[PDB]
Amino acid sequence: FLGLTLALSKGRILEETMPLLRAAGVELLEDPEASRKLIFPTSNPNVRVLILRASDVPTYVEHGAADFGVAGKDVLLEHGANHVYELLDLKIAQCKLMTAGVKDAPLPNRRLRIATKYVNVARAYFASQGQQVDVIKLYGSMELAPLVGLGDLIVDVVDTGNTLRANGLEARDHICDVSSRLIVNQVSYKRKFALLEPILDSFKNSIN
């Protein structure tokens, strides 16, 4: 396969990317949500799709296992984006990185413990507020951590706030806005520009 490999994740990124792909002449031939398969052809024989965990999208793209991909800004910040090119803000899967804690709970008298999957972002954010914190790395369900006393605050993505409210948590600080971004492998950009360019141009047009 000499064409382009596009890395996407299931759920909202796949759902919100499909219209952009359609407008660019690229449609999946089945629903990846209902398949155990991971590589999918498209209506365009020069483009195939990898379905990955969101956290693996930057990894595949960086290493050139995919030529390009759609990754949340949150994942990019956490992973590090210095070995891919971020070409477009697609303005999909929009949310924000925030700190949160138990509603009205005071902070304890010591170095704070932050429970989060976004360990690098958490460290950098608290450092920008003048604080060195301990970070506890979690892989899921951040909202539970404050309720059982694992960490004093969490760092997580918030959209509606329903998850925080359902668990008696409140957002404390706004870290940054997050949206999904189009990222490209630095070599693929140079060597497969002829294939990439119309798709990138289509995406840019669609997001206007």
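So that there is no doubt, residue numbering starts at 1 and follows the sequence shown. We call the rigid core whatever largest set of C-alpha positions still superposes within 1.5 Å between the two forms.
- For the pair 106-114 and 132-140, rigid core superposition yields a higher RMS C-alpha distance in 5 other deposited structures of this protein in 106-114.
- Once the C-alpha B-factors are averaged per stretch, 71-79 and 125-133 rank with 125-133 first.
- For the segment pair 9-17 and 195-203, the entry gives 9-17 the higher mean B-factor, averaged over Cα atoms.
- Across the residues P58, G64, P45, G161, the deposited record lists the maximum Cα B factor for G161.
- Split the chain's modelled residues into thirds by C-alpha temperature factor. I154 is in the lowest one.
- In the deposited entry, the Cα temperature factor of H174 places it in the highest third of its chain's modelled residues.
- Looking at the C-alpha B-factors along this chain, the one for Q94 belongs to the highest third.
- Among all modelled residues in this chain, the alpha-carbon of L107 has a temperature factor (C-alpha) in the highest third.
- When the modelled residues of the chain are ordered by their C-alpha B factor, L144 lands in the middle third.
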